[PDB]
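Q: This is the structure, below, for whatever I ask next.
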Amino acid sequence: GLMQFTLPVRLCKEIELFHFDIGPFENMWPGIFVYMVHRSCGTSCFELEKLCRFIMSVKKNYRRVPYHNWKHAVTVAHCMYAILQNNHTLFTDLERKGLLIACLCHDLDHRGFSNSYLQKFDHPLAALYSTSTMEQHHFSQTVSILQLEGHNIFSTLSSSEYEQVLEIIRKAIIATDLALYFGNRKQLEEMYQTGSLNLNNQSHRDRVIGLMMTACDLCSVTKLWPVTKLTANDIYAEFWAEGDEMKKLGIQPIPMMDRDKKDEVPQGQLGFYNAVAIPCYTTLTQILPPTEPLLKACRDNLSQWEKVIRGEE
Ligand SMILES: CN(C)C(=O)c1ccncc1NC(=O)c1nc(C2CC2)ccc1Nc1cncnc1
Ligand SMILES: [Cl-]
Ligand SMILES: [Mg+2]
Ligand SMILES: [Zn+2]
């Protein structure tokens, strides 16, 4: 009950910032996440004995892949924690509890392959779920872990607060299907420029929470350049692996994934930053002004990639 988590000074300070890196020590990530829940939500809203057991069962079910791993989960959780603590009044007791859990579980059991590769390989999960394949798998794995004995961190919610919270987590996890992000932002832009955006419209929150999730999931691009550049390797190791696996099915992969077309990365980083990231954080700032630091940092990194092209690094 009275068992606060504290962090080393530098961590206690830097964690509150959007561009925080959770560091190379696996064994502190669970404390960091508990710390975030206790500050973001209250010291009460999860039984520690149950949270810690959930966290470790969650960690246990992330695989040792270069990018879509346990560190990515906690990175994305952290970025969501930065948004919640800078938009304190806007979000319900439950929205805070479910979103942080949503972020931690958003990529459960990821194998390091796109929805595309599941379809062209004809993986069972592509048969069981026609769209948002991995994302429906991830939400599925979340419910499995919640139904293990001694793992129901939501135990004390009512029947209806429970279905309210499992439904926040489900749409939140689905929204990390970047194929849905594009429509979701277009509609949110159209509703902010026309002035129809209304955070009391449930279907409107849904979309906003949807985009926060895109923003949190993409937040490796909102870090300091040395973090961003070193993450870019990890995401490209999965990309080139999947390219290798496309070639094995006798399909030439998009160039993003062809490890012969390594020369073309910086241009593809530009393309990504212009098509996805700058828009996401632009629209997210419009809707949630205090999240501007994410846009600012995103822009800085786009600039850093323009210098790579221009042979200045
Ligand atoms: C949709 N579209 C155009 C592209 O997907 C894209 C295209 C050309 N090149 C790269 C692309 N995507 C990425 O680079 C990227 N993608 C994801 C999510 C799986 C989609 C997350 C992060 C990314 N970058 C990054 C860099 N550094 C740190 N973290 C992440
Ligand atoms: Cl606070
Ligand atoms: Mg994912
Ligand atoms: Zn992710």
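All positions are counted from 1 along the displayed chain.
Cβ atoms here come from the backbone N, Cα and C positions, even for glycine.
Feature list, courtesy of Swiss-Prot:
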type	residues	note
ACT_SITE	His68	active site, proton donor
BINDING	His68, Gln269	3',5'-cyclic GMP binding site
BINDING	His72, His106, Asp107, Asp217	divalent metal cation 1 binding site
BINDING	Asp107	divalent metal cation 2 binding site
Q: For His106 (divalent metal cation 1 binding site) and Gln269 (3',5'-cyclic GMP binding site), determine the Cα separation and express it in whole Å.
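A: Spelling it out, the Cα of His106 (divalent metal cation 1 binding site) and the Cα of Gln269 (3',5'-cyclic GMP binding site) are 24 Å apart.
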Q: Using a 10 angstroms cut-off on Cβ to Cβ distances, just flag whichever of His72, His106 is the loneliest among these binding-site residues.
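A: Result for the binding-site residues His72, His106: minimum number of other Cβ atoms within 10 Å at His72.
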Q: How many other Cβ atoms sit within 10 Å of the Cβ of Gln269 (3',5'-cyclic GMP binding site)?
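A: A count of 24.
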Q: When you rank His68, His72, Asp107, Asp217 by Cα distance to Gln269 (3',5'-cyclic GMP binding site), which of the recorded positions ends up on top as the closest?
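A: Closest by Cα distance to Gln269 (3',5'-cyclic GMP binding site) among the recorded positions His68, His72, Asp107, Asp217: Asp217.
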Q: If you count other Cβ atoms within 10 Å of each one's Cβ, which of the binding-site residues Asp107, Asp217 has the most?
A: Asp107
Q: Under 6 Å from ligand 3 by Cβ, which binding-site residues from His72, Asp107, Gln269?
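A: Checking each Cβ against ligand 3, the ones under 6 Å are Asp107.
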Q: With an 8 Å cut-off on Cβ-Cβ distance and a minimum sequence separation of at least 6, pull the same-chain contacts of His68 (active site, proton donor), or say none.
A: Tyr62, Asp107, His110, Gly112, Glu238
Q: Based on a Cβ-to-ligand 4 distance below 6 Å, what subset of the binding-site residues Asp107, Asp217, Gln269 would you report?
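A: Going through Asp107, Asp217, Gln269 in sequence order, those close to ligand 4 turn out to be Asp107, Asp217.
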Q: Taking the centroid of the Cβ atoms of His72, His106, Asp107, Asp217 (divalent metal cation 1 site), which other same-chain residues have Cβ within 8 Å of it?
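A: Other same-chain residues with Cβ inside the cutoff are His68, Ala73, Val76, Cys103, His110, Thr176.
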Q: Three states by DSSP: which one describes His72 (divalent metal cation 1 binding site)?
A: helix
